[PDB]
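Line order of the protein sequences matches chains B and A. Using the authors' numbering, you'd call the opening residue of the first sequence number 1 and step up by one each time. Using the authors' numbering, you'd call the opening residue of the second sequence number 1 and step up by one each time. All residues carry an ideal CB built from backbone N, CA and C; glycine is no exception. Notes follow the structure.
There are 2 protein chains.
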Amino acid sequence: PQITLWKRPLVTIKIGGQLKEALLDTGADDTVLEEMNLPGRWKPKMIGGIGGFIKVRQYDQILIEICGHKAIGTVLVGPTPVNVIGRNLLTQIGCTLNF
Amino acid sequence: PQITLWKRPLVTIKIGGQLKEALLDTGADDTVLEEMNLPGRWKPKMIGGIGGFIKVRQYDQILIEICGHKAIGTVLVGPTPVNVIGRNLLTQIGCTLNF
Ligand SMILES: CCOP(=O)(COc1ccc(C[C@H](NC(=O)O[C@H]2CO[C@H]3OCC[C@H]32)[C@H](O)CN(C[C@@H](C)CC)S(=O)(=O)c2ccc(OC)cc2)cc1)OCC
Numbered sequence: 001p002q003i004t005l006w007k008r009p010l011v012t013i014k015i016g017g018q019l020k021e022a023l024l025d026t027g028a029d030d031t032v033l034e035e036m037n038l039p040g041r042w043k044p045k046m047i048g049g050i051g052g053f054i055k056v057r058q059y060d061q062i063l064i065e066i067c068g069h070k071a072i073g074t075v076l077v078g079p080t081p082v083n084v085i086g087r088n089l090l091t092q093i094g095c096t097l098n099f
Numbered sequence: 001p002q003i004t005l006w007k008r009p010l011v012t013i014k015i016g017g018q019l020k021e022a023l024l025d026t027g028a029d030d031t032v033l034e035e036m037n038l039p040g041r042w043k044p045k046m047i048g049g050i051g052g053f054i055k056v057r058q059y060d061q062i063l064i065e066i067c068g069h070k071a072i073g074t075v076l077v078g079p080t081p082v083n084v085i086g087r088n089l090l091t092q093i094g095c096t097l098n099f
């Protein structure tokens, strides 16, 4: 499909057997999701943006489904203000910018 | 053009007659550029990112050319980690997400 940018590019994702809303974010190197108690090991990490850095938990080889398109990669979990799907997963669903 | 996301979607912009590199950022509502000198009046404003809020200078109806495409809109200037082109200008140049 094609998504215009008049409004925030919000889509439904499936992760850890749960459905959530997330932003398709070409400005995000990595995927950052709201607090959720995913199973398995993780490693601490700090990511920075406008306003400074926050602490997140890095989970690897996590399966996410975005608009029916499956992807597997690293997901960062922490007190993020919004769920963002970053380039690490957007590439896997064949997402491009076009103008 | 069509831009893939294996690398950061960085493009050259022209603003205030000066060339700069900026990030096409579908997760940003607004356009935020690093500290620079622009002519005309400006109003102080606040914007919040992943790590909190920063103080910016809001310039309205500024001419900005993005990858050869002209736009005239609001540009925020402040301590952002990188120049980001937000949806307020991405819509003007006809940019969409596609997968
Ligand atoms: C406490 C305030 O509360 P808020 O709820 C905050 O909400 C939001 C917070 C963040 C975003 C997404 C970011 N957009 C953003 O900063 O946009 C600003 C300007 O335009 C406004 O629109 C939304 C916010 C304002 C951006 O797309 C991606 N980022 C990096 C960019 C900056 C290049 C370095 S990154 O997230 O930091 C990030 C860093 C490293 C990563 O992997 C290693 C992964 C992600 C969207 C909404 O209030 C405002 C809505």
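Query: Less than 9 Å between the C-beta atoms of residue 31(A) and residue 73(A), yes or no?; Result: yes
Query: Mind the definition here: the segment 10 to 24 of chain B touches the segment 31 to 46 of chain A only if three or more C-beta pairs lie below 8 Å; say whether that holds.; Result: no
Query: Residues of chain A with a CB under 7 Å from the CB of residue 73(B): which are they?; Result: What residue 73(B) touches in chain A: nothing, since even the nearest Cβ is about 13 Å away.
Query: Suppose you measure from the CA of residue 61(A) to the CA of residue 43(B); what does that come to, to the nearest Å?; Result: 45 Å
Query: Any contact of the segment 84 to 94 of chain A with the segment 5 to 19 of chain B, i.e. 3+ C-beta pairs under 8 Å?; Result: yes
Query: For the candidate residues 9(B), 13(B) and 1(B), whose alpha-carbon lies nearest to that of residue 63(B)?; Result: 13(B)
Query: Hey, would you say residue 96(B) sits closer than 9 Å to residue 98(A), going by beta carbons?; Result: yes
Query: Residues of the segment 4 to 29 of chain B with a CB closer than 9 Å to any CB of chain A: list them in chain order, please.; Result: 4, 5, 6, 7, 8, 9, 23, 24, 25, 26, 27, 28 and 29
Query: Pick out whichever of 69(A), 75(A) and 66(A) has its Cα sitting closest to the Cα of residue 46(A).; Result: 75(A)
Query: Within 10 angstroms of the Cβ of residue 1(A), are there 16 or more other Cβ atoms? Answer buried if so, exposed if not.; Result: exposed
Query: Per DSSP, which one or two residues make a beta bridge with residue 44(B)?; Result: 57(B)
Query: Please find out if some non-hydrogen atom of ligand 1 comes closer than 8 Å to the beta-carbon of residue 33(A).; Result: no
Query: Any chance the CB of residue 80(B) is under 8 Å from a heavy atom of ligand 1?; Result: yes
Query: Using the C-alpha atoms, what's the distance from residue 15(A) back to residue 81(A)?; Result: 18 Å
Query: By DSSP's criteria, residue 65(B) is part of a beta bridge. Which residues make up the other side?; Result: 14(B) and 70(B)
Query: If we count the other Cβ atoms within 10 Å of its Cβ and call it buried at 16 or more, is residue 86(B) buried or exposed?; Result: buried
Query: Which first and last residues belong to the alpha helix (DSSP H) in which residue 88(B) is found?; Result: 87 to 90
Query: Once DSSP output is grouped into helix, strand and coil, what is the label at residue 3(B)?; Result: strand
Query: The beta strand (DSSP E) spanning residue 38(A) covers which residue range?; Result: No beta strand (DSSP E) holds residue 38(A); DSSP gives it neither H nor E.
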